[PDB]
file model_23.pdb (PDB, C-alpha atoms)
MODEL        1
ATOM      1  CA  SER A 255      19.062 -35.095  -5.100  1.00  0.00           C
ATOM      2  CA  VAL A 256      19.348 -31.634  -6.648  1.00  0.00           C
ATOM      3  CA  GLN A 257      22.659 -29.742  -6.751  1.00  0.00           C
ATOM      4  CA  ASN A 258      22.685 -26.649  -4.539  1.00  0.00           C
ATOM      5  CA  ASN A 259      24.745 -23.666  -3.430  1.00  0.00           C
ATOM      6  CA  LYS A 260      25.503 -21.961  -0.110  1.00  0.00           C
ATOM      7  CA  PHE A 261      22.293 -19.925  -0.325  1.00  0.00           C
ATOM      8  CA  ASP A 262      20.104 -23.020  -0.703  1.00  0.00           C
ATOM      9  CA  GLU A 263      21.938 -24.676   2.197  1.00  0.00           C
ATOM     10  CA  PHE A 264      21.407 -21.596   4.370  1.00  0.00           C
ATOM     11  CA  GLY A 265      17.677 -21.616   3.668  1.00  0.00           C
ATOM     12  CA  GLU A 266      17.360 -25.353   4.308  1.00  0.00           C
ATOM     13  CA  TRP A 267      19.168 -24.971   7.618  1.00  0.00           C
ATOM     14  CA  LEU A 268      16.806 -22.216   8.809  1.00  0.00           C
ATOM     15  CA  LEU A 269      13.701 -24.200   7.833  1.00  0.00           C
ATOM     16  CA  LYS A 270      14.901 -27.478   9.358  1.00  0.00           C
ATOM     17  CA  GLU A 271      16.050 -25.979  12.660  1.00  0.00           C
ATOM     18  CA  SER A 272      12.760 -24.103  13.042  1.00  0.00           C
ATOM     19  CA  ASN A 273      10.567 -27.039  12.003  1.00  0.00           C
ATOM     20  CA  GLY A 274       7.270 -25.423  11.044  1.00  0.00           C
ATOM     21  CA  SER A 275       7.404 -22.520  13.483  1.00  0.00           C
ATOM     22  CA  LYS A 276       9.120 -19.145  13.104  1.00  0.00           C
ATOM     23  CA  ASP A 277       9.229 -18.994  16.908  1.00  0.00           C
ATOM     24  CA  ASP A 278      11.659 -21.916  16.842  1.00  0.00           C
ATOM     25  CA  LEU A 279      14.010 -20.193  14.410  1.00  0.00           C
ATOM     26  CA  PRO A 280      17.640 -20.097  15.495  1.00  0.00           C
ATOM     27  CA  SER A 281      18.378 -16.871  17.378  1.00  0.00           C
ATOM     28  CA  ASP A 282      19.386 -13.881  15.258  1.00  0.00           C
ATOM     29  CA  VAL A 283      22.866 -14.219  16.755  1.00  0.00           C
ATOM     30  CA  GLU A 284      23.088 -17.841  15.602  1.00  0.00           C
ATOM     31  CA  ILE A 285      21.703 -16.952  12.160  1.00  0.00           C
ATOM     32  CA  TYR A 286      24.362 -14.265  11.710  1.00  0.00           C
ATOM     33  CA  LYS A 287      27.111 -16.686  12.747  1.00  0.00           C
ATOM     34  CA  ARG A 288      25.978 -19.236  10.154  1.00  0.00           C
ATOM     35  CA  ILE A 289      26.056 -16.533   7.472  1.00  0.00           C
ATOM     36  CA  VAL A 290      29.644 -15.693   8.440  1.00  0.00           C
ATOM     37  CA  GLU A 291      30.641 -19.369   8.507  1.00  0.00           C
ATOM     38  CA  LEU A 292      29.078 -19.859   5.066  1.00  0.00           C
ATOM     39  CA  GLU A 293      31.077 -16.837   3.871  1.00  0.00           C
ATOM     40  CA  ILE A 294      27.936 -15.154   2.513  1.00  0.00           C
ATOM     41  CA  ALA A 295      27.983 -11.969   4.593  1.00  0.00           C
ATOM     42  CA  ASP A 296      29.255 -10.058   1.565  1.00  0.00           C
ATOM     43  CA  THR A 297      26.588 -11.328  -0.837  1.00  0.00           C
ATOM     44  CA  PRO A 298      23.142  -9.724  -1.405  1.00  0.00           C
ATOM     45  CA  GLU A 299      21.352 -13.056  -2.015  1.00  0.00           C
ATOM     46  CA  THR A 300      21.649 -13.769   1.708  1.00  0.00           C
ATOM     47  CA  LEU A 301      18.953 -11.146   2.317  1.00  0.00           C
ATOM     48  CA  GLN A 302      16.718 -12.701  -0.332  1.00  0.00           C
ATOM     49  CA  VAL A 303      16.690 -15.926   1.671  1.00  0.00           C
ATOM     50  CA  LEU A 304      15.898 -14.137   4.944  1.00  0.00           C
ATOM     51  CA  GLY A 305      13.158 -12.073   3.306  1.00  0.00           C
ATOM     52  CA  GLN A 306      11.177 -15.197   2.452  1.00  0.00           C
ATOM     53  CA  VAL A 307      12.010 -17.480   5.397  1.00  0.00           C
ATOM     54  CA  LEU A 308      11.970 -15.235   8.503  1.00  0.00           C
ATOM     55  CA  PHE A 309       8.273 -14.352   8.523  1.00  0.00           C
ATOM     56  CA  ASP A 310       4.742 -15.750   8.598  1.00  0.00           C
ATOM     57  CA  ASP A 311       1.214 -14.310   8.916  1.00  0.00           C
ATOM     58  CA  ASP A 312       2.386 -12.328  11.954  1.00  0.00           C
ATOM     59  CA  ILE A 313       4.974 -10.484   9.834  1.00  0.00           C
ATOM     60  CA  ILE A 314       3.861  -7.059  11.098  1.00  0.00           C
ATOM     61  CA  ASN A 315       5.086  -8.007  14.585  1.00  0.00           C
ATOM     62  CA  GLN A 316       8.168  -9.884  13.400  1.00  0.00           C
ATOM     63  CA  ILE A 317       9.853  -6.858  11.831  1.00  0.00           C
ATOM     64  CA  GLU A 318      11.187  -5.183  14.992  1.00  0.00           C
ATOM     65  CA  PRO A 319      12.719  -8.354  16.534  1.00  0.00           C
ATOM     66  CA  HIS A 320      14.866  -8.915  13.417  1.00  0.00           C
ATOM     67  CA  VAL A 321      15.936  -5.299  12.852  1.00  0.00           C
ATOM     68  CA  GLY A 322      19.328  -5.861  14.466  1.00  0.00           C
ATOM     69  CA  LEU A 323      20.079  -8.823  12.210  1.00  0.00           C
ATOM     70  CA  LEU A 324      18.772  -7.200   9.026  1.00  0.00           C
ATOM     71  CA  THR A 325      20.470  -3.832   9.653  1.00  0.00           C
ATOM     72  CA  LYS A 326      23.796  -5.526  10.400  1.00  0.00           C
ATOM     73  CA  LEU A 327      23.677  -7.528   7.161  1.00  0.00           C
ATOM     74  CA  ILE A 328      22.492  -4.735   4.873  1.00  0.00           C
ATOM     75  CA  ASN A 329      25.275  -2.414   6.063  1.00  0.00           C
ATOM     76  CA  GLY A 330      23.758   0.560   4.229  1.00  0.00           C
ATOM     77  CA  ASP A 331      24.120  -1.172   0.854  1.00  0.00           C
ATOM     78  CA  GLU A 332      21.247  -0.688  -1.595  1.00  0.00           C
ATOM     79  CA  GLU A 333      22.034  -3.944  -3.411  1.00  0.00           C
ATOM     80  CA  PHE A 334      21.249  -5.684  -0.122  1.00  0.00           C
ATOM     81  CA  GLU A 335      18.026  -3.743   0.431  1.00  0.00           C
ATOM     82  CA  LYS A 336      16.984  -4.764  -3.073  1.00  0.00           C
ATOM     83  CA  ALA A 337      17.610  -8.417  -2.216  1.00  0.00           C
ATOM     84  CA  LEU A 338      15.528  -8.195   0.965  1.00  0.00           C
ATOM     85  CA  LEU A 339      12.684  -6.710  -1.056  1.00  0.00           C
ATOM     86  CA  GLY A 340      13.177  -9.546  -3.533  1.00  0.00           C
ATOM     87  CA  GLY A 341      12.819 -12.032  -0.693  1.00  0.00           C
ATOM     88  CA  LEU A 342       9.668 -10.257   0.482  1.00  0.00           C
ATOM     89  CA  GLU A 343       8.313 -10.462  -3.079  1.00  0.00           C
ATOM     90  CA  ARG A 344       8.670 -14.239  -2.812  1.00  0.00           C
ATOM     91  CA  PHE A 345       7.092 -14.228   0.651  1.00  0.00           C
ATOM     92  CA  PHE A 346       4.020 -12.307  -0.514  1.00  0.00           C
ATOM     93  CA  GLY A 347       3.772 -13.976  -3.903  1.00  0.00           C
ATOM     94  CA  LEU A 348       4.423 -17.608  -3.029  1.00  0.00           C
ATOM     95  CA  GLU A 349       4.364 -18.140   0.754  1.00  0.00           C
ATOM     96  CA  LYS A 350       1.548 -15.966   2.134  1.00  0.00           C
ATOM     97  CA  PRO A 351      -0.514 -14.584  -0.791  1.00  0.00           C
ATOM     98  CA  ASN A 352      -3.324 -13.992   1.708  1.00  0.00           C
ATOM     99  CA  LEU A 353      -1.245 -11.022   2.910  1.00  0.00           C
ATOM    100  CA  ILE A 354      -1.110  -9.316  -0.497  1.00  0.00           C
ATOM    101  CA  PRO A 355      -3.809  -6.726   0.327  1.00  0.00           C
ATOM    102  CA  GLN A 356      -1.754  -5.678   3.379  1.00  0.00           C
ATOM    103  CA  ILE A 357       1.486  -5.117   1.458  1.00  0.00           C
ATOM    104  CA  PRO A 358       1.476  -1.299   1.755  1.00  0.00           C
ATOM    105  CA  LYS A 359       1.053  -1.497   5.538  1.00  0.00           C
ATOM    106  CA  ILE A 360       3.824  -4.084   5.871  1.00  0.00           C
ATOM    107  CA  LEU A 361       6.329  -2.390   3.549  1.00  0.00           C
ATOM    108  CA  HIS A 362       5.784   0.841   5.476  1.00  0.00           C
ATOM    109  CA  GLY A 363       6.885  -1.076   8.566  1.00  0.00           C
ATOM    110  CA  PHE A 364      10.120  -2.084   6.841  1.00  0.00           C
ATOM    111  CA  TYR A 365      10.712   1.462   5.618  1.00  0.00           C
ATOM    112  CA  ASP A 366      10.220   2.959   9.086  1.00  0.00           C
ATOM    113  CA  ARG A 367      12.988   0.720  10.456  1.00  0.00           C
ATOM    114  CA  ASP A 368      15.468   2.023   7.862  1.00  0.00           C
ATOM    115  CA  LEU A 369      15.514  -1.439   6.257  1.00  0.00           C
ATOM    116  CA  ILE A 370      14.503  -0.437   2.729  1.00  0.00           C
ATOM    117  CA  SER A 371      15.291   2.996   1.281  1.00  0.00           C
ATOM    118  CA  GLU A 372      12.851   5.168  -0.671  1.00  0.00           C
ATOM    119  CA  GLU A 373      14.983   4.945  -3.825  1.00  0.00           C
ATOM    120  CA  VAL A 374      14.985   1.137  -3.759  1.00  0.00           C
ATOM    121  CA  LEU A 375      11.221   0.892  -3.226  1.00  0.00           C
ATOM    122  CA  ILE A 376      10.468   3.396  -5.975  1.00  0.00           C
ATOM    123  CA  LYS A 377      12.686   1.662  -8.548  1.00  0.00           C
ATOM    124  CA  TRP A 378      11.304  -1.726  -7.483  1.00  0.00           C
ATOM    125  CA  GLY A 379       7.694  -0.576  -7.686  1.00  0.00           C
ATOM    126  CA  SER A 380       8.029   1.117 -11.086  1.00  0.00           C
ATOM    127  CA  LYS A 381       8.560  -2.106 -13.009  1.00  0.00           C
ATOM    128  CA  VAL A 382       7.911  -5.820 -13.087  1.00  0.00           C
ATOM    129  CA  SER A 383      10.641  -8.437 -13.022  1.00  0.00           C
ATOM    130  CA  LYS A 384      10.910 -12.211 -13.266  1.00  0.00           C
ATOM    131  CA  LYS A 385      14.123 -12.163 -11.219  1.00  0.00           C
ATOM    132  CA  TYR A 386      12.696 -13.189  -7.831  1.00  0.00           C
ATOM    133  CA  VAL A 387       9.272 -14.579  -8.797  1.00  0.00           C
ATOM    134  CA  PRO A 388       7.511 -15.391 -12.091  1.00  0.00           C
ATOM    135  CA  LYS A 389       6.459 -12.254 -14.008  1.00  0.00           C
ATOM    136  CA  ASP A 390       2.764 -12.933 -13.347  1.00  0.00           C
ATOM    137  CA  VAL A 391       3.432 -13.120  -9.614  1.00  0.00           C
ATOM    138  CA  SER A 392       5.605 -10.005  -9.719  1.00  0.00           C
ATOM    139  CA  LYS A 393       2.723  -8.040 -11.240  1.00  0.00           C
ATOM    140  CA  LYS A 394       0.349  -8.973  -8.409  1.00  0.00           C
ATOM    141  CA  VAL A 395       2.774  -8.114  -5.625  1.00  0.00           C
ATOM    142  CA  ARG A 396       4.012  -4.821  -7.056  1.00  0.00           C
ATOM    143  CA  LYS A 397       0.544  -3.625  -8.067  1.00  0.00           C
ATOM    144  CA  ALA A 398      -0.518  -4.239  -4.460  1.00  0.00           C
ATOM    145  CA  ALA A 399       2.428  -2.155  -3.270  1.00  0.00           C
ATOM    146  CA  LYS A 400       1.694   0.780  -5.590  1.00  0.00           C
ATOM    147  CA  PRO A 401      -0.213   2.929  -3.055  1.00  0.00           C
ATOM    148  CA  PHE A 402       2.762   2.979  -0.674  1.00  0.00           C
ATOM    149  CA  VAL A 403       5.214   3.559  -3.535  1.00  0.00           C
ATOM    150  CA  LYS A 404       3.087   6.505  -4.705  1.00  0.00           C
ATOM    151  CA  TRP A 405       3.138   7.872  -1.164  1.00  0.00           C
ATOM    152  CA  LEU A 406       6.946   7.715  -1.025  1.00  0.00           C
ATOM    153  CA  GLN A 407       7.277   9.555  -4.338  1.00  0.00           C
ATOM    154  CA  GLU A 408       4.784  12.195  -3.248  1.00  0.00           C
ATOM    155  CA  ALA A 409       6.390  12.534   0.181  1.00  0.00           C
ATOM    156  CA  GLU A 410       9.824  13.103  -1.343  1.00  0.00           C
ATOM    157  CA  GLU A 411       8.550  15.558  -3.953  1.00  0.00           C
ATOM    158  CA  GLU A 412       6.834  17.644  -1.274  1.00  0.00           C
ATOM    159  CA  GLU A 413      10.020  17.473   0.784  1.00  0.00           C
ATOM    160  CA  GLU A 414      11.969  18.853  -2.180  1.00  0.00           C
ATOM    161  CA  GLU A 415       9.315  21.529  -2.727  1.00  0.00           C
ATOM    162  CA  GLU A 416       9.377  22.865   0.838  1.00  0.00           C
ATOM    163  CA  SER A 417      13.091  23.335   0.280  1.00  0.00           C
ATOM    164  CA  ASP A 418      11.792  26.008  -2.119  1.00  0.00           C
TER     165      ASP A 418
ENDMDL
END

call {"tool": "encode", "arguments": {"input": "model_23.pdb", "output": "structure tokens"}}
result
Amino acid sequence: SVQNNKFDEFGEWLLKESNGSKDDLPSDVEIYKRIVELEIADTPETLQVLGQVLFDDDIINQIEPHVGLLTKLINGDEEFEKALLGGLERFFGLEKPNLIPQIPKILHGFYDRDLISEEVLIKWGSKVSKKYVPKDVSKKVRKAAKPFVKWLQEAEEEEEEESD
């Protein structure tokens, strides 16, 4: 069997305990405890795992229930927001590609819950990267997100303008 690290083991645990249903995930309290016990509360890659494992087709309604967990882990750190977005890139690109046309709507949901900052989304959406997914997959996901990224840029520019 293939050699793994604490991040692989975390992901395997979540998937096994939940079987094939996100409803049967361990509680957010239990997930946080496992992260602490694995000593990966101080590492961004933890959020990458959650970004791709926590959700399914009903992702739009699964954001609010996990806000406590995600906000606690991110701790205002942009490196952690970036990792969450990385995990979401894997979710959209590899897990539920049927949801790719709805990416702007979904990312807006994450943004409204203070989960991903404007600066992170803009930097993320202005390039492609093979870091989280293959480059070809990255292009699809981030092109689909462009309308919302444009909106964030435009929103912030107008905000700066109306401050004369």

call {"tool": "closest_residue", "arguments": {"input": "model_23.pdb", "among": "A:273, A:295, A:374, A:332", "to": "residue A:361", "atoms": "all atoms listed in the file"}}
result
A:374

call {"tool": "residues_around", "arguments": {"input": "model_23.pdb", "residues": "residue A:311", "least_positions_apart": "5", "cutoff": "12 Å", "atoms": "all atoms listed in the file", "output": "list in words"}}
result
residues 275, 276, 306, 316, 317, 345, 346, 349, 350, 351, 352, 353, 354, 356, 357 and 360 of chain A

call {"tool": "residues_around", "arguments": {"input": "model_23.pdb", "residues": "stretch 376-379 of chain A", "least_positions_apart": "5", "cutoff": "7 Å", "atoms": "only C-alpha atoms", "output": "PyMOL selection string"}}
result
chain A and resi 396+400+403

call {"tool": "closest_residue", "arguments": {"input": "model_23.pdb", "among": "A:381, A:395, A:274, A:335", "to": "residue A:358", "atoms": "only C-alpha atoms"}}
result
A:395

call {"tool": "residues_around", "arguments": {"input": "model_23.pdb", "residues": "stretch 328-331 of chain A", "least_positions_apart": "3", "cutoff": "10 Å", "atoms": "only C-alpha atoms", "output": "PyMOL selection string"}}
result
chain A and resi 295-298+300-301+323-325+334-338+368-371

call {"tool": "atom_distance", "arguments": {"input": "model_23.pdb", "atom1": "atom CA of residue A:281", "atom2": "atom CA of residue A:343"}}
result
23.7 Å

call {"tool": "resolve_selection", "arguments": {"input": "model_23.pdb", "expression": "the PyMOL selection byres ((chain A and resi 285) around 12)", "output": "PyMOL selection string"}}
result
chain A and resi 264-265+267-269+271-272+279-284+286-292+294-295+300-301+303-304+307-308+320+322-324+326-327

call {"tool": "closest_residue", "arguments": {"input": "model_23.pdb", "among": "A:388, A:393, A:372, A:255", "to": "residue A:409", "atoms": "all atoms listed in the file"}}
result
A:372

call {"tool": "atom_distance", "arguments": {"input": "model_23.pdb", "atom1": "atom CA of residue A:278", "atom2": "atom CA of residue A:305"}}
result
16.8 Å

call {"tool": "atom_distance", "arguments": {"input": "model_23.pdb", "atom1": "atom CA of residue A:339", "atom2": "atom CA of residue A:366"}}
result
14.2 Å

call {"tool": "closest_residue", "arguments": {"input": "model_23.pdb", "among": "A:399, A:406, A:256, A:375", "to": "residue A:359", "atoms": "only C-alpha atoms"}}
result
A:399

call {"tool": "closest_residue", "arguments": {"input": "model_23.pdb", "among": "A:347, A:412, A:293, A:277", "to": "residue A:389", "atoms": "only C-alpha atoms"}}
result
A:347

call {"tool": "closest_residue", "arguments": {"input": "model_23.pdb", "among": "A:302, A:340, A:312, A:257", "to": "residue A:383", "atoms": "all atoms listed in the file"}}
result
A:340

call {"tool": "decode", "arguments": {"input": "model_23.pdb", "residues": "stretch 336-378 of chain A", "atoms": "N, CA and C atoms", "output": "JSON list (two decimals), in the first residue's frame"}}
result
[["chain", "number", "residue", "atom", "x", "y", "z"],
["A", 336, "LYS", "N", -6.41, 30.36, 1.12],
["A", 336, "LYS", "CA", -5.89, 29.90, -0.16],
["A", 336, "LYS", "C", -6.02, 28.38, -0.27],
["A", 337, "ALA", "N", -5.73, 27.68, 0.82],
["A", 337, "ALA", "CA", -5.80, 26.23, 0.84],
["A", 337, "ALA", "C", -7.23, 25.72, 0.71],
["A", 338, "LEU", "N", -8.17, 26.39, 1.38],
["A", 338, "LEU", "CA", -9.58, 26.07, 1.22],
["A", 338, "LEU", "C", -10.01, 26.20, -0.24],
["A", 339, "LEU", "N", -9.60, 27.31, -0.86],
["A", 339, "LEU", "CA", -9.94, 27.55, -2.26],
["A", 339, "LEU", "C", -9.29, 26.48, -3.14],
["A", 340, "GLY", "N", -8.10, 26.05, -2.76],
["A", 340, "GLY", "CA", -7.43, 24.96, -3.44],
["A", 340, "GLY", "C", -8.27, 23.69, -3.35],
["A", 341, "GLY", "N", -8.75, 23.39, -2.15],
["A", 341, "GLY", "CA", -9.61, 22.23, -1.96],
["A", 341, "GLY", "C", -10.88, 22.31, -2.78],
["A", 342, "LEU", "N", -11.49, 23.49, -2.81],
["A", 342, "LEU", "CA", -12.66, 23.72, -3.67],
["A", 342, "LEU", "C", -12.34, 23.55, -5.16],
["A", 343, "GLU", "N", -11.13, 23.92, -5.56],
["A", 343, "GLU", "CA", -10.73, 23.73, -6.95],
["A", 343, "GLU", "C", -10.75, 22.24, -7.30],
["A", 344, "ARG", "N", -10.30, 21.41, -6.36],
["A", 344, "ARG", "CA", -10.33, 19.97, -6.53],
["A", 344, "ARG", "C", -11.77, 19.44, -6.52],
["A", 345, "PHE", "N", -12.60, 20.00, -5.64],
["A", 345, "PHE", "CA", -14.00, 19.61, -5.59],
["A", 345, "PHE", "C", -14.72, 19.86, -6.92],
["A", 346, "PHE", "N", -14.56, 21.07, -7.45],
["A", 346, "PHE", "CA", -15.21, 21.44, -8.70],
["A", 346, "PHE", "C", -14.60, 20.70, -9.89],
["A", 347, "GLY", "N", -13.28, 20.58, -9.89],
["A", 347, "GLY", "CA", -12.57, 20.04, -11.03],
["A", 347, "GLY", "C", -12.61, 18.53, -11.15],
["A", 348, "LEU", "N", -12.64, 17.84, -10.02],
["A", 348, "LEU", "CA", -12.48, 16.39, -10.00],
["A", 348, "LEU", "C", -13.68, 15.64, -9.40],
["A", 349, "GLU", "N", -14.31, 16.22, -8.38],
["A", 349, "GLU", "CA", -15.40, 15.55, -7.68],
["A", 349, "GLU", "C", -16.76, 15.81, -8.32],
["A", 350, "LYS", "N", -17.15, 17.08, -8.41],
["A", 350, "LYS", "CA", -18.44, 17.44, -8.99],
["A", 350, "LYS", "C", -18.32, 18.45, -10.14],
["A", 351, "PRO", "N", -17.76, 18.02, -11.28],
["A", 351, "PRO", "CA", -17.60, 18.93, -12.42],
["A", 351, "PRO", "C", -18.93, 19.40, -13.01],
["A", 352, "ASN", "N", -20.02, 18.73, -12.64],
["A", 352, "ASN", "CA", -21.35, 19.16, -13.04],
["A", 352, "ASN", "C", -21.73, 20.50, -12.42],
["A", 353, "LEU", "N", -21.00, 20.89, -11.37],
["A", 353, "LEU", "CA", -21.28, 22.13, -10.65],
["A", 353, "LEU", "C", -20.43, 23.31, -11.14],
["A", 354, "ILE", "N", -19.63, 23.08, -12.17],
["A", 354, "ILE", "CA", -18.72, 24.12, -12.67],
["A", 354, "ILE", "C", -19.45, 25.38, -13.17],
["A", 355, "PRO", "N", -20.59, 25.24, -13.87],
["A", 355, "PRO", "CA", -21.30, 26.47, -14.24],
["A", 355, "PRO", "C", -21.84, 27.28, -13.06],
["A", 356, "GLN", "N", -21.93, 26.69, -11.88],
["A", 356, "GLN", "CA", -22.49, 27.38, -10.72],
["A", 356, "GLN", "C", -21.42, 27.91, -9.77],
["A", 357, "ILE", "N", -20.17, 27.85, -10.21],
["A", 357, "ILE", "CA", -19.03, 28.28, -9.40],
["A", 357, "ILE", "C", -19.13, 29.74, -8.89],
["A", 358, "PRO", "N", -19.55, 30.70, -9.74],
["A", 358, "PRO", "CA", -19.65, 32.06, -9.19],
["A", 358, "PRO", "C", -20.65, 32.17, -8.05],
["A", 359, "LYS", "N", -21.80, 31.51, -8.18],
["A", 359, "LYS", "CA", -22.83, 31.53, -7.15],
["A", 359, "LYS", "C", -22.31, 30.93, -5.85],
["A", 360, "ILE", "N", -21.62, 29.80, -5.96],
["A", 360, "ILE", "CA", -21.10, 29.09, -4.80],
["A", 360, "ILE", "C", -19.96, 29.84, -4.10],
["A", 361, "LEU", "N", -19.02, 30.37, -4.88],
["A", 361, "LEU", "CA", -17.90, 31.11, -4.29],
["A", 361, "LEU", "C", -18.38, 32.37, -3.60],
["A", 362, "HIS", "N", -19.45, 32.96, -4.12],
["A", 362, "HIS", "CA", -20.06, 34.13, -3.49],
["A", 362, "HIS", "C", -20.58, 33.76, -2.10],
["A", 363, "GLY", "N", -21.11, 32.55, -1.99],
["A", 363, "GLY", "CA", -21.58, 32.04, -0.71],
["A", 363, "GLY", "C", -20.45, 31.93, 0.30],
["A", 364, "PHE", "N", -19.29, 31.46, -0.15],
["A", 364, "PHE", "CA", -18.12, 31.36, 0.72],
["A", 364, "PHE", "C", -17.60, 32.73, 1.14],
["A", 365, "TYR", "N", -17.63, 33.67, 0.20],
["A", 365, "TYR", "CA", -17.16, 35.02, 0.44],
["A", 365, "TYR", "C", -18.04, 35.75, 1.45],
["A", 366, "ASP", "N", -19.35, 35.55, 1.34],
["A", 366, "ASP", "CA", -20.30, 36.20, 2.24],
["A", 366, "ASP", "C", -20.18, 35.72, 3.69],
["A", 367, "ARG", "N", -19.57, 34.55, 3.89],
["A", 367, "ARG", "CA", -19.41, 34.02, 5.24],
["A", 367, "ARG", "C", -18.02, 34.31, 5.79],
["A", 368, "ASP", "N", -17.33, 35.26, 5.16],
["A", 368, "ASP", "CA", -15.98, 35.67, 5.56],
["A", 368, "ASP", "C", -14.96, 34.54, 5.48],
["A", 369, "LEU", "N", -15.23, 33.54, 4.66],
["A", 369, "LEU", "CA", -14.36, 32.36, 4.56],
["A", 369, "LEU", "C", -13.19, 32.55, 3.60],
["A", 370, "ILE", "N", -13.42, 33.32, 2.54],
["A", 370, "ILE", "CA", -12.36, 33.59, 1.57],
["A", 370, "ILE", "C", -12.34, 35.08, 1.26],
["A", 371, "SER", "N", -11.20, 35.72, 1.49],
["A", 371, "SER", "CA", -11.09, 37.16, 1.30],
["A", 371, "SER", "C", -11.01, 37.55, -0.17],
["A", 372, "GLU", "N", -11.36, 38.80, -0.45],
["A", 372, "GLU", "CA", -11.31, 39.34, -1.81],
["A", 372, "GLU", "C", -9.92, 39.23, -2.43],
["A", 373, "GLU", "N", -8.90, 39.53, -1.64],
["A", 373, "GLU", "CA", -7.52, 39.50, -2.13],
["A", 373, "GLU", "C", -7.09, 38.10, -2.55],
["A", 374, "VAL", "N", -7.53, 37.09, -1.80],
["A", 374, "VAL", "CA", -7.19, 35.71, -2.11],
["A", 374, "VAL", "C", -7.86, 35.25, -3.40],
["A", 375, "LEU", "N", -9.15, 35.57, -3.53],
["A", 375, "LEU", "CA", -9.93, 35.20, -4.71],
["A", 375, "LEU", "C", -9.42, 35.88, -5.98],
["A", 376, "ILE", "N", -9.00, 37.13, -5.85],
["A", 376, "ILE", "CA", -8.52, 37.88, -7.00],
["A", 376, "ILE", "C", -7.17, 37.33, -7.48],
["A", 377, "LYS", "N", -6.26, 37.06, -6.54],
["A", 377, "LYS", "CA", -4.97, 36.49, -6.90],
["A", 377, "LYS", "C", -5.14, 35.09, -7.48],
["A", 378, "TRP", "N", -6.01, 34.30, -6.86],
["A", 378, "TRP", "CA", -6.32, 32.95, -7.33],
["A", 378, "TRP", "C", -6.90, 32.96, -8.74]]
